[PDB]
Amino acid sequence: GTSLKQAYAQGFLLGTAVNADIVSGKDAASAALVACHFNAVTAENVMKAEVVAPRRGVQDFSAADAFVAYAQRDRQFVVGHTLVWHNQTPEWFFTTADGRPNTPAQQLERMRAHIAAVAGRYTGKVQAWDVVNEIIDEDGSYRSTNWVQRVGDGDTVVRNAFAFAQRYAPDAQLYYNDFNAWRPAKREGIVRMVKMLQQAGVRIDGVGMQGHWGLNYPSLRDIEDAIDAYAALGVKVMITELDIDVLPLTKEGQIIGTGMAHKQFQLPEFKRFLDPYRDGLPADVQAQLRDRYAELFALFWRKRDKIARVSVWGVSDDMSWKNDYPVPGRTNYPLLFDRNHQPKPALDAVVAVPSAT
């Protein structure tokens, strides 16, 4: 009847993350839905350092190339994810050919050579880059990441990363991407970083709030404050990896690390508590999910003048990362489409938001 991209046409891009299988045509059901509903695509994994440059000297663009090729057939707004990130980056990035740690100079060269090969390969094809991903910590200070340690300084890492991105992809828009970006202390830290980039004269087009949120977090107040704060810097604001966790514990706050991947949580007494909806969502929780997605997009539409894009992290529940993370083997329901690729009650709610004058 009326699709997502159509309903939100006059506000922002409505996007999704596509995996290898959607691009390959294996997951044809989800592929069909991407064409119907979405005007922006983000490669879920195939453009990360560890796929793109698995080993020293070895490159692999085969899957990344397919994604971009896939994006053209529907004239999609293409987001590149991601250039500089402490995760999913092979250890060789931080070591010399011997195994010794790279010097700041060697580390910055690796960064240059990587961005040059990745961002440079895709011009006028990829419209935006998640240049640096998740660098600021929960208190607003810099994360002591493999990059920060080897380059030496948080500011130097970010400064060069965007400088190199502006060089080899002058056409492309440049974003910073982070989770818990609604958190005042973290948000403030992100702001201080954008302001340093602007005053150093380097290019940054937008701030991306990932939005891996839940039924009980965070407040619309926190989110509106952050949208406003980023907007005040004259940069685009985007909700980039949106999904709503509904399962016990993980609906209360975002969890990082591998603590919940511990074998003890696969035990009878934990699986009963943590994985309670193995045969569909109860009507009431399904309704909570509906009203959560509704009230969130109602705030997005309220701030449409300050937002450029809202991207959900996947199409159908069955291939959401929230199933196996942070607890493997669970059954989460975090997206807009069920495992039979049918619109959840939440979709119709989301579509209906812009029609309220």
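The first residue of the shown sequence is 1; numbering continues from there.
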(request) Can you let me know which of the two, 54-62 or 320-328, has the higher average C-alpha B-factor in the entry? (result) 54-62
(message) Mean Cα B factor from the PDB record: higher for 288-296, or higher for 66-74?
(response) 66-74
(message) Using only the C-alpha B-factors in the record, can you name which of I244, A105, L281, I239 has the highest?
(response) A105
(message) Lowest, middle or highest third: which one holds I190 when the chain's residues are ordered by CA B-factor from the entry?
(response) lowest
(message) Lowest, middle or highest third: which one holds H212 when the chain's residues are ordered by CA B-factor from the entry?
(response) lowest
(request) Report the third (lowest, middle or highest) to which the CA temperature factor of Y168 belongs, ranking only the modelled residues of the same chain. (result) highest
(message) Based on the deposited C-alpha B factors for this chain, I'd like to know if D130 is in the lowest, middle or highest third.
(response) middle
(message) Lowest, middle or highest third: which one holds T258 when the chain's residues are ordered by CA B-factor from the entry?
(response) middle
